[PDB]
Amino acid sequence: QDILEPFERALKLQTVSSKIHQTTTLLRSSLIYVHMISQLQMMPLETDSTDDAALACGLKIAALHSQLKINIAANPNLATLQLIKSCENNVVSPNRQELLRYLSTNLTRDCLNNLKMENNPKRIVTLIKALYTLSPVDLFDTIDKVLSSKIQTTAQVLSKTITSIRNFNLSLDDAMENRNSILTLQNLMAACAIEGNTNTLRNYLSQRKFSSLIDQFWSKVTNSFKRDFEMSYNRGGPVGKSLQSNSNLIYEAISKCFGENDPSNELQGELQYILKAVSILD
């Protein structure tokens, strides 16, 4: 068998070829990765300074992060290298987190302004899509924080008039101001599509108790306003008595801002929360 040796030599050569190819491919995956990290550190930002502009720069850094995730997933072999990991948390995981900070604080700020909420819907949509792509959980922990902020501000503005219920119609208006801002935020959230099907709103609402942003909004402000109202009413003090003596005005100012109950409207149910808060009048 001087016919087995060539068969053996050939087999061996196939192995050598495959080993060179793997070494080559892996090494190039690494190379491309590094060139990207180089290109990453070559894009500075402008933090918490929305000069417009500074956002256009942020989108490019975000896109770079998209590429990074692609390159690592294209060769999964890339991840288990103790010098690719060492820059993964020394350069990209920080650059990532600085970008995250930039996006979430710019989105939160642009949402709590109520104006920008209607004035720049196109700007905010860009922030939503962007933040979700980078790190979806952070978009939610940002929407979490925003929602929680609006409930806090409105719940506070309602309770402030308990000691002056003459002005209750005005407070009850400011609550609808935010209510509307939330109506238009969830729109908006759904307008931003995801893989295959669904949207960002449905996906947020799925990983939360909540059914709509409005529903959790009213429910929560209704509590910390109910608690205040009733605490004040149960305390037999003068404001607690002015609560009772002005009882119709309240129920009156309510319908004059909501519409009152079952048949017509649409603001029913969302109306029903504000009614329950104010229910010791019995």
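Just count from 1 along the sequence shown to find any residue number.
Stretch comparison (167 to 175 versus 189 to 197) by mean CA B-factor in the PDB entry places 189 to 197 on top. Per the PDB record, of the two stretches 121 to 129 and 158 to 166, 121 to 129 carries the greater mean B-factor over its C-alpha atoms. You'll see in the entry that, of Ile70, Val221, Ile32, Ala53, the Cα B factor peaks at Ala53. Of the candidates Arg109, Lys145, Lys116, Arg101, the PDB record gives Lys116 the highest C-alpha temperature factor. In the deposited entry, the Cα temperature factor of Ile20 sits in the bottom third of values across the chain's modelled residues. For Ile274, the recorded CA temperature factor ranks within the middle third of the chain's modelled residues.
Ranked within its chain, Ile151 lands in the lowest third, by CA B factor from the PDB record.
Placement of the Cα temperature factor of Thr105 within the chain: lowest third of the modelled residues, per the deposited record. In the PDB entry, a CA B factor belonging to the middle third of its chain's modelled residues is recorded for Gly58.
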